[PDB]
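In the form deposited in one PDB entry, a lone chain appears below as C-alpha cells.
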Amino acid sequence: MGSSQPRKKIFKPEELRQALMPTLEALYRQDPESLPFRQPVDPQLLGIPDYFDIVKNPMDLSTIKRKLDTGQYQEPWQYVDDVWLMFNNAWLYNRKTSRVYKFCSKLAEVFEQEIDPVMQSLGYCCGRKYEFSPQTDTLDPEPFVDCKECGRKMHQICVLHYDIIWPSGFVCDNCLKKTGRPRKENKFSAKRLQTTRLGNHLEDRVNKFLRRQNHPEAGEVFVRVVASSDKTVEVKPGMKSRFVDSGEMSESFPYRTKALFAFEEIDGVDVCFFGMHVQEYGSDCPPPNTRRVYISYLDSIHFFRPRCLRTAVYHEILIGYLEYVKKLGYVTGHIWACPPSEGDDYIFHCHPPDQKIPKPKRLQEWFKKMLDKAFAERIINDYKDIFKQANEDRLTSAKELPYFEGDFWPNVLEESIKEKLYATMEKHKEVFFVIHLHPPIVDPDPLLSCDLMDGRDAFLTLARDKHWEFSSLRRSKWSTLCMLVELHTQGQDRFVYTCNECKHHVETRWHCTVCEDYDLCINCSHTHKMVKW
C-alpha cells in the first residue's frame, strides 16, 4: 500500500510549538471565555450525563497544550483540527442561547484571525475547518490537495486547483517560486467562452456603464450566452380540447431558449454572479406568442464587487436584453416576478446564507425600477401589468393570452377543467408584466448546444453532487472555476466551421482577431488581422 514523496516538507516539534503556541496562548487569554475550556468537561460536576453520548471525541485547551508540549502534532493541521473539534463539540452540545456557546463563538473568532497568518507563514492557505452546507446529521468535509514538491495538505477551494485545468498536478505558490517559472494560464476562463452578439451587447452595455462609474473595486464583466436551443411549448390537454380541435390556436408554440451568465473578475479570478434563462417566440410563431420574449428564470449571487453597483449592473443586463431583442424585431417582453419558494434555488446551487430573498412586493418594485430606467432611455415605449393590458387590447378569450413554457398562465387555464379567470388576472397584482418594445426576425447567433444549460435543473443537479456551492466568495470562486470547465468541455465537442463568404465546410481557416466570428476560405479581401487555425 506504498507511495513516494521526494522533497516532503516536515516540521520539527520545536518549529510547530514555536509557531502554534502563540495562537493557543491567545485563546487562553480570553477571560472568562476560555475558563470552561481550559480543562476537560466533567459531566459529574455539570450534571450532564447526556454529554459523552452527544460529544464522541471530547477536546479542551489543556489537552491541546499537552499534545503540543509533548510533540504529538506532526503537521500543523493536526493542531488546528483539535482546536476546531473543541469548538464544534461546544457548539453541538450547547444551545445557541447559552453562555458557553457564546464563549465558544468568541474564542473561535480569535482563533480565526490568529491561525490564518500563522498557517500562511508555514506555507499554508489558512487554518480553517470547512464543511459543506447541508443536503436533502452528517456533513461532507471540504476537499484537500497535497503539493507535488512540498507534500503539504491545502484546501482545494483555497488554492483553486483543478486537475482538469492543471493536469500535471498541484504545486503550491512557494514551490513555484523555487522553480522560477509561473503557474500556467487557466484557459477555461469566462472570457475564453464562445462569444455571441447577444452576450457582446449585454457585456458592452454593462462594461461601458462601469467605466462611467470610476469604481476601483470594480473588475471586468463578461456576459456569455452558454446555451441556445430550439424547443416547443405543447398545449395542455384541457386547452387543446378547447382550441386546437377547432383550429383557433396552435398545438405547439416554437421558441428558442437561451441561457446566459454574468462573470466578474474578483481577486484576479472569474466569479459568476448572475444567470438568466429566456424564451424567444419569433416571427413565424402563431398567435398568441408572435414576436415575444419571456424571462423564465433569473438568479444571482451577491458577490459583485463593488456591492453598491450590484443591482445597477443587474438592471443594465436586463435593459440590454430588452434593447437587443427590440432591435432584432421582438415586440413584447414579459416578466413573472415570483421570488424563490423558501429554500429552493432558481439557477445557482447554494446561496449565501446572508443573501436575502426579496419579498414578492420588493421583487415587483425591483423590476418596476429597471423598466422605469428602460423607459427613460427610450428603449422601452411602455410597460403595464397583465390585467391593465388585457382591457386595453379588449381580450375576451383564453386563446389570446401568451402561452409560455413553465409559466403560471398555462396551468391556470388548465385547472379550469373542473370549472372566474379574468378575476384571477387582477388577483396577481404586478406579478405579471407586459413590456412594449415598439420584416422577419433573424437571430445572427448560432445555436449553442450544452445539455448542462438546457434547463435550470441540469446545472443545479450537477453542482449539488459536486458541491459547487455559491454560498461564499471563496466557494463561488471555486464553483465558477469548475462550472467553466464543464461548459468548456461540454462545448468543445460542438465546433463545425464553415467559410463566412463561401459557406463550404472548412478545416484550416483564417480567424479575425477583431471580429466576433470571422472564418474565411484559404484564399484572401479583409481589413483586420487574420490567423491560421
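Throughout, rigid core stands for the largest set of C-alpha atoms superposing within 1.5 Å between the two forms. All residue numbers refer to positions in the sequence shown, first residue = 1.
The following text describes the form deposited in another entry, which does not appear among the structures shown.
When the rigid core is held fixed, the Cα atom of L35 travels less than 2 angstroms between the shown form and the other one. After superposing the rigid core, the Cα of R494 is displaced by 2 Å or more between the shown form and the other one. In that other deposited form, the CA atoms of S228 and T513 move apart by 3 angstroms or more relative to this form. Between the C-alpha atoms of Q492 and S228, a gap narrowed by no less than 3 Å is obtained in that other deposited form, as opposed to the form on display.
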